[PDB]
Every structure is written in structure tokens, then in C-alpha cells.
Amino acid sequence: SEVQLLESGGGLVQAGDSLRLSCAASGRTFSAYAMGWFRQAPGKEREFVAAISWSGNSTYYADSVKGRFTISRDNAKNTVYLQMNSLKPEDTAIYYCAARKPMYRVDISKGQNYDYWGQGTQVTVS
């Protein structure tokens, strides 16, 4: 079995706006997983955005979003959130949520260390 992940909240927004993305887990218990957001811009490779420990007691951000984005989770609702403030055109991307087992202390910024992925939600900043 696999955790199933479904991202939501993407759409078209204007430069300077905020947008909150969310990812709902099913199939498997969400508190069993540490979570990460990644994003892929048009024509580029996927890149790390943010990560949160299984309980939500520790977060980590890429330098390109720190201070503007906040990752959080609510395990009692199987949801992890990415609050994006002060958006710019360069933040245009498909945004993915990924899950990994906390068993292994890894480079939490590398997608290869995550085991399960959502389908992506697209965000377009004009």
C-alpha cells in the first residue's frame, strides 16, 4: 500500500498576491510521514520548496522562498499546507507535495529521498 496525495489550490494570481496550497492524504496515516513541497517551472527541472517533520515541530525552506512561504500541517485533518506570500512571476510552476518515512535522516531538500508524490497543482503568477 501507498499513501495517496492530492494537491489543491492552484490557479491564476497576480504578482504580489498570496495563495494557500493544500495537500490531502488518503489511503494511509498521514502522521506517519514527513512531507515536502517541490515545484517545477516551465521548461525547468523540479526543485525543492519546503519541508516539515512528521509532527510539524521542524520546518526547512529553500532560500528562494524563505520568509515568503510557510509550510504547516494538521494531521487531524490529513492536510499539509503551503502558504505563499508576495508571489512573483518566477514562482509560476506546478507545485507537488511528497511524503517520506521519517526512519532515515536524509537531505530533505532532494526529491530522491521522498517515496510518494501527488499529481501537482498549477500556479500561474502574472
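From 1 onward, residues are counted along the sequence shown.
- For the two regions 95-103 and 60-68, the entry's Cα B-factors average higher over 95-103.
- Just going by the entry, 46-54 versus 25-33 on mean CA temperature factor gives the higher value to 25-33.
- In the deposited entry, the Cα temperature factor of residue 83 places it in the lowest third of its chain's modelled residues.
- Sort the chain's modelled residues by C-alpha temperature factor and residue 125 lands in the highest third, per the entry.
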